[PDB]
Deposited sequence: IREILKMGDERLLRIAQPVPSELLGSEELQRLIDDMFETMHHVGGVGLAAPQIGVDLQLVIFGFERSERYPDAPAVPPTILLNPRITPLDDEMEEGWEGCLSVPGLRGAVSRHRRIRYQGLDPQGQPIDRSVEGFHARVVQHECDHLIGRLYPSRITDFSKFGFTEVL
């Protein structure tokens, strides 16, 4: 169980380093992944990026039992499948107490590596697509407030 960094912390602004291929399949990468699951799960989040716990790596996890498969994604690359955008409510453990509506691509392809270096290549839409965009934003130093285009839909969760 690891401390989730909060918006304002300069570490969330980094462009994360790729996971080195030497670390694929290692116990250390395993431990990091397990800590991330334990951390995400303890605070009840749908996703977590390694930078939010202060680890400078292109690694994210996400899962929701609109269900989304439990996934561990390294060194990702996202490709929008079209121009259709869709607004949805988002929150984030690094921005506690808030929700905001954010416009994302409705459908994406994502690629990357699983923790053993096996290739991942999925096309997905709706919520799954949103989660993946949201978590990969952490790897380029972006939190969702920086993606809001309608500020009337940004506020405290209990107020909204």
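Query - Segments lacking C-alpha coordinates (deposited sequence numbering, starting at 1) - result: That part of the chain that was deposited but carries no coordinates is 66-73, and nothing else.
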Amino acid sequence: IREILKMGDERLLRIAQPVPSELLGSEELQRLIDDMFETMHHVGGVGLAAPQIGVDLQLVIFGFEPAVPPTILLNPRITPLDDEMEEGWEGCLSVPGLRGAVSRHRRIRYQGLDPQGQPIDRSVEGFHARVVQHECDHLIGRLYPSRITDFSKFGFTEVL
From here on, numbers count along this sequence of modelled residues.
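**Report entry** Between the two ranges 107-115 and 37-45, the one averaging a larger CA B factor in the entry
**Finding:** Result of the comparison: 37-45.
Requested in this report: Check where residue 23 lands among this chain's C-alpha B-factors and tell me if it's the lowest, middle or highest third.
Outcome: Tercile = middle for this residue's CA B-factor.
Requested in this report: Check where residue 148 lands among this chain's C-alpha B-factors and tell me if it's the lowest, middle or highest third.
Outcome: Lowest third, going by the recorded CA B-factors of the chain.
Query raised in the report: Can you tell me which third, lowest, middle or highest, the CA B-factor of residue 133 falls into for its chain?
Result: Tercile = lowest for this residue's CA B-factor.
Requested in this report: Can you work out whether the C-alpha temperature factor of residue 95 puts it in the lowest, middle or highest third of the chain?
Outcome: Middle third, going by the recorded CA B-factors of the chain.
Query raised in the report: Which third, lowest, middle or highest, does the CA B-factor of residue 52 fall in along this chain?
Result: Within its chain, residue 52 is a middle-third residue by C-alpha B-factor, going by the deposited values.
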